[PDB]
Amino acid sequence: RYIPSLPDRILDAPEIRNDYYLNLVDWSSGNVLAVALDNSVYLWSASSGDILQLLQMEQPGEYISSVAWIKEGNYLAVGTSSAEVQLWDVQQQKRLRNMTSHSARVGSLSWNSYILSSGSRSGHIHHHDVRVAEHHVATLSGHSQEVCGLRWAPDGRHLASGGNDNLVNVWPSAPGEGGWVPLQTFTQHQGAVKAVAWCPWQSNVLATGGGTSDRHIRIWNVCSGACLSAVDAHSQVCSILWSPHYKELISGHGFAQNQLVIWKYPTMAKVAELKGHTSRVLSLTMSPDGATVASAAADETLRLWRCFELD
């Protein structure tokens, strides 16, 4: 199939933090990209090109460490270096909450309806019920180093977390009568696991990717614990996304090519490589229609690739 070798757009990302563990971009269901540039968050409306500086941190030294849109796209969660999880209403352009519970920077976030899960450099994961005063409703402690990857499954039955301790944990949706204990703990990656993504059409299928010392994409069945595939990408794997229409996966990489790789699922055959970034890719996010992937890189650019469409 025809995949364009050039991106559809190249947006300037001056002052983007070249820190592997941070999750600095997210594309809303309302077709708005949120991009964290140092101490500010900018919003770019894909349909009009309008840009808004939503917020800026108020104290010296503070920087944005994560962003994540709620499913409806009206609220943006913003994790900070000062261990806060802020909740912004982007229609009103105002901060609704400043949730403190963490002891260190909040580098990862994932929503499950009104529950927002936040992962910290401390190794802990907190569940926040953003609708209520006592927001901190659970603590999940299965990592000894920074939680850099965090993703609820689309059906809300599992939460996956990846850490700088080379572990992947698969958590249940509720503690039940027991405690918050992982259903699965995968130790096979030999490097940090920032890339965590669930298969949109298969409830229990998860893809994870490891850092420079690992370089592999692994596919798992979280019910059986099976590792269905382990593929060497020859570079750190910062992010993985699944196409919800083509039965393909896309991954972002660093040294030496700083490319995105498209893979055919389930064969894991390499379909294409998107080249152009001149420094390592930091994060990927996908448009709500599934057609475009935005890659944020250390070269201070956001490249938007229309790699899953012909129109």
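The numbering used is simple: start at 1 and walk along the sequence shown.
Visitor: If you take the mean CA temperature factor per stretch, which one wins between 116-124 and 134-142?
Guide: Comparing 134-142 with 116-124, the higher mean C-alpha B-factor belongs to 134-142.
Visitor: Mean CA B-factor: is it higher for 97-105 or for 164-172?
Guide: 97-105 has the higher mean C-alpha B-factor.
Visitor: For the CA B factor values reported in this entry, which option in 68, 32, 64, 272 has the top one?
Guide: So the option with the highest C-alpha B-factor is 272.
Visitor: Reading the B-factor column of the entry, which of 45, 251, 283, 28 has the highest value at its C-alpha atom?
Guide: Of 45, 251, 283, 28, 45 has the highest C-alpha B-factor.
Visitor: By the record's CA B-factor, is residue 75 among the lowest, middle or highest third of residues in the chain?
Guide: Its C-alpha B-factor belongs to the middle third of this chain's values.
Visitor: Going by the recorded CA B-factors, say which third of the chain residue 158 sits in, lowest, middle or highest.
Guide: It belongs to the middle third of the chain when residues are ordered by C-alpha B-factor.
Visitor: Residue 57's Cα B-factor: lowest, middle or highest third of the chain?
Guide: Its C-alpha B-factor, which the entry lists for residue 57, ranks in the highest third among residues of this chain.
Visitor: For residue 24, does the deposited CA B-factor place it in the lowest, middle or highest third of the chain?
Guide: For residue 24, the deposited C-alpha B-factor lands in the lowest third.
Visitor: Would you please rank residue 210 by its C-alpha temperature factor against the other modelled residues of its chain and give the third it falls in: lowest, middle or highest?
Guide: Residue 210: CA B-factor falls in the lowest third of its chain.
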